[PDB]
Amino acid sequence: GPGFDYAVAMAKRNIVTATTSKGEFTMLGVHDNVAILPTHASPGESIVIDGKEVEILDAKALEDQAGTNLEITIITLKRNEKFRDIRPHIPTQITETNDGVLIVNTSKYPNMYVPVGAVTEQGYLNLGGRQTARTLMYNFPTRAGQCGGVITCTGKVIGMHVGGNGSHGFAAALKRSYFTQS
(Lines of atoms letter the chains of each structure in order from A and count residues from 1; the text may use other names and numbers.)
(Lines give C-alpha, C1' and ligand atoms only; values in the text may rest on other atoms or scores of the structure.)
Protein backbone atom coordinates (compact mmCIF):
# COMPACT_ATOMS: atom_id res chain seq x y z
CA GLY A 1 0.00 0.00 0.00
CA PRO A 2 2.51 2.77 1.08
CA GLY A 3 5.36 0.55 -0.23
CA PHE A 4 3.37 0.15 -3.47
CA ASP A 5 2.35 3.80 -3.83
CA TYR A 6 6.06 4.67 -3.54
CA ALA A 7 7.09 2.22 -6.29
CA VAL A 8 4.39 3.63 -8.62
CA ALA A 9 5.50 7.22 -7.92
CA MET A 10 9.09 6.27 -8.64
CA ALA A 11 8.24 4.57 -11.91
CA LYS A 12 6.19 7.53 -13.14
CA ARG A 13 8.86 10.02 -12.26
CA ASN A 14 12.26 8.34 -12.53
CA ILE A 15 12.10 5.07 -14.57
CA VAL A 16 12.27 4.84 -18.35
CA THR A 17 12.94 2.16 -20.96
CA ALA A 18 16.25 2.47 -22.74
CA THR A 19 17.44 0.57 -25.84
CA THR A 20 21.11 -0.36 -26.57
CA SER A 21 23.14 -2.66 -28.85
CA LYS A 22 22.07 -5.32 -26.33
CA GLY A 23 18.22 -4.68 -26.21
CA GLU A 24 15.71 -2.76 -24.03
CA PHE A 25 16.30 -2.32 -20.31
CA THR A 26 14.63 -0.66 -17.36
CA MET A 27 16.70 2.45 -16.54
CA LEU A 28 16.62 4.63 -13.47
CA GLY A 29 17.07 8.37 -13.66
CA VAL A 30 18.76 9.57 -10.46
CA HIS A 31 19.34 13.35 -10.85
CA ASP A 32 19.94 16.01 -13.49
CA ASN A 33 21.17 14.16 -16.58
CA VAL A 34 22.53 11.06 -14.73
CA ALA A 35 21.04 7.54 -14.90
CA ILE A 36 22.06 3.93 -14.21
CA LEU A 37 21.80 0.65 -16.05
CA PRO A 38 23.26 -2.86 -15.82
CA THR A 39 26.84 -2.82 -17.06
CA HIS A 40 25.96 -5.75 -19.36
CA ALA A 41 23.53 -3.50 -21.28
CA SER A 42 26.73 -2.12 -22.72
CA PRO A 43 25.45 1.40 -23.57
CA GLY A 44 27.10 3.05 -26.59
CA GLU A 45 27.54 6.74 -27.56
CA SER A 46 23.76 7.07 -27.71
CA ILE A 47 20.74 5.34 -26.23
CA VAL A 48 17.08 5.37 -27.26
CA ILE A 49 14.72 6.61 -24.51
CA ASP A 50 10.96 6.39 -25.00
CA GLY A 51 11.29 6.68 -28.81
CA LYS A 52 14.15 9.23 -28.93
CA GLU A 53 17.88 8.95 -29.66
CA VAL A 54 19.84 10.62 -26.89
CA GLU A 55 23.58 11.30 -26.91
CA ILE A 56 25.58 9.72 -24.05
CA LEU A 57 28.34 12.03 -22.82
CA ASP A 58 30.11 9.95 -20.09
CA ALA A 59 29.60 6.23 -19.26
CA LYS A 60 31.15 4.96 -15.98
CA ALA A 61 31.00 1.19 -15.23
CA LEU A 62 31.33 0.84 -11.40
CA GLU A 63 33.99 -1.42 -9.76
CA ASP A 64 35.01 -1.78 -6.06
CA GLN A 65 38.41 -0.71 -4.74
CA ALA A 66 39.64 -4.24 -5.84
CA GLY A 67 38.57 -3.64 -9.52
CA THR A 68 35.73 -6.25 -9.20
CA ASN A 69 32.78 -5.17 -11.31
CA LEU A 70 29.61 -4.06 -9.39
CA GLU A 71 27.48 -4.58 -12.52
CA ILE A 72 26.22 -0.97 -12.55
CA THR A 73 27.00 1.79 -15.03
CA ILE A 74 26.36 5.48 -14.73
CA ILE A 75 25.64 7.43 -17.87
CA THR A 76 25.53 11.21 -18.27
CA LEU A 77 23.26 12.22 -21.15
CA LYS A 78 23.16 15.13 -23.64
CA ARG A 79 19.62 16.31 -22.72
CA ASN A 80 17.67 19.36 -21.60
CA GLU A 81 15.19 17.42 -19.43
CA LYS A 82 16.20 17.02 -15.74
CA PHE A 83 15.18 14.08 -13.49
CA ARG A 84 13.55 14.44 -10.12
CA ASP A 85 16.51 14.13 -7.76
CA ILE A 86 16.22 10.83 -5.84
CA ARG A 87 19.62 10.79 -4.20
CA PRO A 88 17.96 11.39 -0.74
CA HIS A 89 16.00 8.20 -1.42
CA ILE A 90 19.10 6.12 -2.13
CA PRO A 91 20.52 4.83 1.12
CA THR A 92 24.09 5.60 2.28
CA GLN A 93 24.60 1.89 3.09
CA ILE A 94 23.62 -1.41 1.50
CA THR A 95 20.00 -1.86 2.65
CA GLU A 96 17.76 -4.97 3.14
CA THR A 97 13.95 -5.03 3.36
CA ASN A 98 11.30 -7.49 4.22
CA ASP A 99 8.95 -5.91 1.69
CA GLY A 100 10.71 -5.37 -1.61
CA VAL A 101 9.05 -4.16 -4.80
CA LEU A 102 10.87 -4.89 -8.11
CA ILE A 103 9.92 -2.37 -10.81
CA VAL A 104 10.24 -3.30 -14.46
CA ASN A 105 9.47 -1.12 -17.45
CA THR A 106 10.01 -2.44 -20.96
CA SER A 107 7.72 -3.16 -23.90
CA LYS A 108 7.56 -6.82 -22.73
CA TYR A 109 7.09 -5.92 -19.04
CA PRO A 110 5.49 -2.40 -19.02
CA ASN A 111 5.00 -0.63 -15.69
CA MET A 112 5.00 -3.91 -13.90
CA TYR A 113 5.35 -4.08 -10.07
CA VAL A 114 6.53 -7.30 -8.43
CA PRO A 115 6.54 -7.69 -4.63
CA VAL A 116 9.33 -10.17 -4.10
CA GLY A 117 9.31 -10.05 -0.34
CA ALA A 118 12.63 -10.42 1.39
CA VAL A 119 15.71 -8.85 -0.23
CA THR A 120 18.81 -10.09 1.61
CA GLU A 121 22.51 -9.31 1.41
CA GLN A 122 24.73 -12.00 -0.09
CA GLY A 123 27.79 -9.82 -0.83
CA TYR A 124 30.14 -11.75 -3.00
CA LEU A 125 28.42 -13.55 -5.84
CA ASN A 126 31.22 -15.86 -7.21
CA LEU A 127 29.86 -17.54 -10.38
CA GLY A 128 32.39 -18.90 -12.86
CA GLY A 129 35.35 -16.55 -12.61
CA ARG A 130 32.74 -13.74 -13.07
CA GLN A 131 32.66 -12.66 -9.42
CA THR A 132 30.62 -9.57 -8.19
CA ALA A 133 30.23 -7.59 -4.96
CA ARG A 134 27.46 -5.91 -3.06
CA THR A 135 24.74 -8.14 -4.47
CA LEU A 136 21.22 -8.58 -3.15
CA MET A 137 19.06 -11.70 -3.57
CA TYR A 138 15.32 -12.30 -3.47
CA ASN A 139 12.83 -14.91 -4.59
CA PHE A 140 11.77 -14.16 -8.18
CA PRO A 141 11.53 -16.41 -11.28
CA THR A 142 13.99 -14.49 -13.51
CA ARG A 143 13.97 -14.44 -17.36
CA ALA A 144 15.49 -11.67 -19.43
CA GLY A 145 15.36 -7.87 -19.84
CA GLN A 146 14.02 -7.74 -16.35
CA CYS A 147 17.60 -6.55 -16.28
CA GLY A 148 17.68 -3.00 -15.13
CA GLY A 149 14.69 -3.51 -12.82
CA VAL A 150 14.56 -1.38 -9.69
CA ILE A 151 14.12 -2.67 -6.10
CA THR A 152 12.12 -0.44 -3.66
CA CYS A 153 11.00 -0.45 -0.09
CA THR A 154 9.08 2.54 1.16
CA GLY A 155 11.05 5.82 0.68
CA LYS A 156 14.21 4.01 -0.52
CA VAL A 157 15.58 2.78 -3.83
CA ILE A 158 18.06 0.10 -2.75
CA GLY A 159 18.98 -2.01 -5.76
CA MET A 160 19.08 -2.83 -9.45
CA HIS A 161 18.34 -6.26 -10.91
CA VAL A 162 21.31 -7.68 -12.93
CA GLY A 163 20.96 -11.40 -12.80
CA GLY A 164 19.03 -14.45 -11.77
CA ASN A 165 17.95 -18.05 -12.24
CA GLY A 166 14.80 -20.08 -12.12
CA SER A 167 13.95 -19.19 -8.53
CA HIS A 168 15.98 -16.10 -7.53
CA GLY A 169 16.80 -12.59 -8.71
CA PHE A 170 20.15 -10.87 -8.10
CA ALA A 171 20.48 -7.13 -7.73
CA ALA A 172 23.39 -4.71 -7.38
CA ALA A 173 22.89 -2.61 -4.28
CA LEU A 174 22.72 1.20 -4.55
CA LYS A 175 24.66 3.57 -2.19
CA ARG A 176 24.26 7.34 -2.39
CA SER A 177 28.12 7.75 -2.70
CA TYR A 178 27.92 6.28 -6.21
CA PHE A 179 26.61 9.74 -7.22
CA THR A 180 27.71 13.31 -6.65
CA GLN A 181 27.24 15.09 -3.32
CA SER A 182 23.95 16.92 -2.77
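For every residue, the number given is its place in the sequence shown, counted from 1.
Taking the PDB entry as given, 75-83 carries the higher mean Cα B factor of the two stretches 88-96 and 75-83.
Stretch comparison (126-134 versus 64-72) by mean CA B-factor in the PDB entry places 126-134 on top. When the Cα B-factors of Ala41, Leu28, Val157, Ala144 are read from the PDB record, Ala144 comes out highest. Per the PDB entry, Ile56 shows the highest C-alpha temperature factor of the residues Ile56, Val48, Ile36, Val114.
When all modelled residues of the chain are sorted by CA temperature factor, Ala172 is found within the lowest third.
When all modelled residues of the chain are sorted by CA temperature factor, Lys22 is found within the middle third.
In the deposited entry, the Cα temperature factor of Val162 places it in the lowest third of its chain's modelled residues.
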